[PDB]
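The chain below stands alone and is given in structure tokens; this is the form deposited in one PDB entry.
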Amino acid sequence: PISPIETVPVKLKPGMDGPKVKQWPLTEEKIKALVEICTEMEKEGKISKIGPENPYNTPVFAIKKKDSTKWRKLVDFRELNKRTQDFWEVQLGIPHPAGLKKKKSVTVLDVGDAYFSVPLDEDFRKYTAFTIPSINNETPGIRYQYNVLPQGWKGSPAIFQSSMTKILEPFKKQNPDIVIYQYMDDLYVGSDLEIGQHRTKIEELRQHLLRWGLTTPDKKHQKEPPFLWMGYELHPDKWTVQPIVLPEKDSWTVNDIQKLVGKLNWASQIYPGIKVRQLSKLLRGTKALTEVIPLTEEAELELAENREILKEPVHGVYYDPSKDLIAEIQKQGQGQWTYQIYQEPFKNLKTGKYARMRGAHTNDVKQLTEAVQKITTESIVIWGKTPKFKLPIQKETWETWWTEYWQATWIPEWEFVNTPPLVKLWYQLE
């Protein structure tokens, strides 16, 4: 019983045969969920069955959120996305409000359901198809196709906008003090209210979403032992502002001074006022790499100087909404992880680091994924776009564990690469 709203035309970029990605293996645990959840979707009519005739395909996987609702269905549509047309409906319909980042807290709502109340272009469903597999391949593949707007497809938000706006219209009008952002399947609500006051306000908006357009949002799950829910809230008022890359000591060896100059030479790309020849002269001889301790008094006056130069925020911050965002993450230390976000190389727009995780959960891939997910969270609240990740791992490894740790509704683009001592120099800025 989908809305009587008309079918908005949807077509893709020229010369793009749409998605045709194959499905990766899934755990029995995931299958069951990905099943019961999709079958009901058949009855509800938001999905129908289709056979081999549809040569297109996109992947799906279940992720177990820690909320009162149930499993979450995720249809990786990154491809279909890029393949899909340019939707002005978002170009204007989804303008990022600056003050969003400036708030005492912000909450994340999964409002995916809202997209079932609207139908999808009759002539486009062939591009949403996914295939649920089975253990040991008992049977062949069961392939479902979308009828309504698919959760997590760049087009979906774009279209639904008008509806989402009128719905929130009352709430925002009531307490205009609140700034609401829409991103794919999430609703970002920030306020400078008190944690308790904020929660309640959220719940209100969560209530409203019920009475109107049967917008049902996942219901969180609270408990006692280790209180995770207390941190579900997203406070960006004290968001890690990078500025912890320094070096200092007394009696320095050749090795030391040598390494130091090596650093600065590269740093000269991020900071102009840099004098490298100074120390280079201090060590202009085939001296012993080790014991050698060329204690200089002249270098000091300039060594502290480079610091004065790169003293605070660098003059270069310039976000151009025409360019993509890039994120770089490197394994700097045990448990600790560092990251940077740039549009142009060596001119980073922001920096940061995913530190030690307060919990016995020890897993490299996990630490990384959690990092990327939290990095993305930031990139969203600010610029509003998701940065391309240059992952510090091999395609193979990531591809066999990233799912068993992901938890967000949206998914970022990512590629695999390796880093040199330049970045791993503990001087992250790339």
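C-alpha atoms forming the largest set that superposes within 1.5 Å between two forms make up the rigid core. Numbering starts at 1 and follows the sequence shown.
Omitted here: the form deposited in another entry. The next part is about that form.
- When the two forms are overlaid on the rigid core, CA displacement between the shown form and the other one of 2 Å or more is confined, within 97, 335, 313, 345, to 313.
- Superposition of the core reveals a Cα shift of 2 Å or more for residue 243 between the shown form and the other one.
- Once both forms are fitted on their rigid core, the CA atom of residue 204 lies less than 2 Å apart between the shown form and the other one.
- In a rigid-core overlay of the protein, residue 122 has its C-alpha displaced by under 2 Å between the shown form and the other one.
- The pair residue 359 and residue 396 is tighter in that other deposited form: their Cα-Cα distance falls by no less than 3 Å compared with this form.
- In that other deposited form, the CA atoms of residue 67 and residue 209 move apart by 3 angstroms or more relative to this form.
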